[PDB]
Structure formats: structure tokens, C-alpha cells
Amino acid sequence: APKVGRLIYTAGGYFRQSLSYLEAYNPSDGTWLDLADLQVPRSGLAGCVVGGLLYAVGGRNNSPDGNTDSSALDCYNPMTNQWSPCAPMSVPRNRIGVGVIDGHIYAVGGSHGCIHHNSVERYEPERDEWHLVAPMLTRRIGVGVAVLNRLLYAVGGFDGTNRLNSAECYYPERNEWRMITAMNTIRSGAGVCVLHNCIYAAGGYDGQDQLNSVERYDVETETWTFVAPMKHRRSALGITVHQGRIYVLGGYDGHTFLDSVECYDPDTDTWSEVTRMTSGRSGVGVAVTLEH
């Protein structure tokens, strides 16, 4: 009983300045929707869907006349096509990673000016409150976050001095972090998601170049393995999964800003370009309408 009419949202991003675009792609018919724009333009933000509502978390408003790190949590309702402000986070978080467990949004890492966060906080939609949980073992900005077996995985990033290939796993019931096996490649701003019980890490920045390589983590073998690489090299990419296929949206390749949207098929182990965004951008917040 698969759900029909699910939409891959893309919120915010950067192209010469921070963007406020909210657009929705339908993978079935291949159409794009031009939805209500963000109140404040934002890049380096993260997107997630909880209970039929899209959330935009953290980021930064990069403009020609100054920069401002965001602690904002804004909620988009598809029925009304309207953004509504929620309770803001305890601290601003640019280049943030987020994950959802038991209907609560986890805000992981990110930066506030010079402060590279290892702190993590949890949002409860029912009472509109943020609360700090156990902090990470490593400071991480540009961190990719994945949820698997009711555990939160923080993958890659940048601690302020070193660019990270390491990763750690959070345990909500115990409230503690534990380091897992490090990746084969150093990655900051990589697209991290979960597909068929494996944590993927696509693209990112290794300190030298933007990456097109993709590797997945099998939790039982505790081993990172390379799969088919993407066509285009990209960091700060939006990522998500829809009906057994990973979708990577936009990004930055060291020179241009990508409008390309590649689609990974795990059965054949091949990437294919399915569509293009209305304009090239990086640092977007991406999510999908939930299954059921």
C-alpha cells in the first residue's frame, strides 16, 4: 500500500546570496511546484517533515550588506501554503544537520560565527520547546545526519581545524554518543541519508576538491563500502529518499552552482539525471512527504 503524490521539497539555498525559494518536485509525473517563499532567506539550513508539516532549521542569511546566523525554526503547512515561525533554538546553527526520531526534531552541530558546535538539542512540536540533549564527542559543521533503527548518526563535517572522516551514533534512550567506524573519505557538507538499512554518504568536500564518490555504512558489518559515484562532483547538496531511490539536489562543485538532480537506483547501482532545478544553488534544505 504505497502512498501517492509525495513531494521532494527544496527550501532556501545559496546562489550569489542566500535564497528564500521553496519548490517541490514530484518524482512520479516529473513536475515542479512554486510554493510560498521563506520569510528570511537562508543557506546552510536543513529540512525535515514531521506529521504532514515541513520544517526549516538553522542556516545563515548571506547578503551583500552583511551576514546573520539563524537560530530560527519555521514550519510550512502544505494545506495553507504558509510559513509559520516556531520556537527558536538555544543557539544559531549554520551548516546544520537534522534527523527525526519519534516525532521529535534533532538539531545537530552547525556553527555560530566562530563557535563550531558539538551541542545537540531536541524539538517537541506538541509543546513548541527546544531542549538540550547529550553533546557530541566531536564538534561538527557541515554534518550529515541519518536516522536508522531509532538511532541518530552524525557523519563527517568540520571541527574548526580538521575536516572529518569520522562518525558517531546517538542513543536516545541512554542519552549518549559512541564513535563508529570512520569513513574511507574525509567529507564535509556531504549528503547523508538512509536506504535499505544502510547509511549513505554522497559527495562533500575533502579539503582539496568537491567529491562525486559515494559510500554506504552497513551497521552489522561495521564497514564503509564505495558504490557507484555520482555524475557531477558536489558539496553542500540536498539529499533524500523516495520509494527505494536516493535523490541528490543541487550543490557546489568549486566553481559552478548545480541545478542538476541525480537519482540513484540501488538495484542496478547506477546514477541517472532525472530533472533540473529552476536555477542552480547550494546549501539547500531537502525533505519528502512521509510514507505512512
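Heads up: residue numbers just count along the shown sequence, starting at 1.
**Message:** Lowest, middle or highest third: which one holds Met277 when the chain's residues are ordered by CA B-factor from the entry?
**Reply:** CA B-factor rank for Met277: highest third.
**Message:** Ranking every modelled residue in this chain by its Cα temperature factor as given in the entry, which third contains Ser188?
**Reply:** According to the entry, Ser188 has a C-alpha B-factor in the chain's middle third.
**Asked** Hey, what third does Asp209 fall into on Cα B-factor, ranked over its chain?
**Response** Highest third - that is where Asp209 ends up once the chain's C-alpha B-factors are sorted.
**Request:** Taking the values exactly as deposited, rank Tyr55 by C-alpha B-factor within its chain and report the matching third: lowest, middle or highest.
**Result:** Lowest third.
**Prompt:** Thinking about Cα B factors across the chain, which third does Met230 belong to?
**Reply:** Tercile = highest for this residue's CA B-factor.
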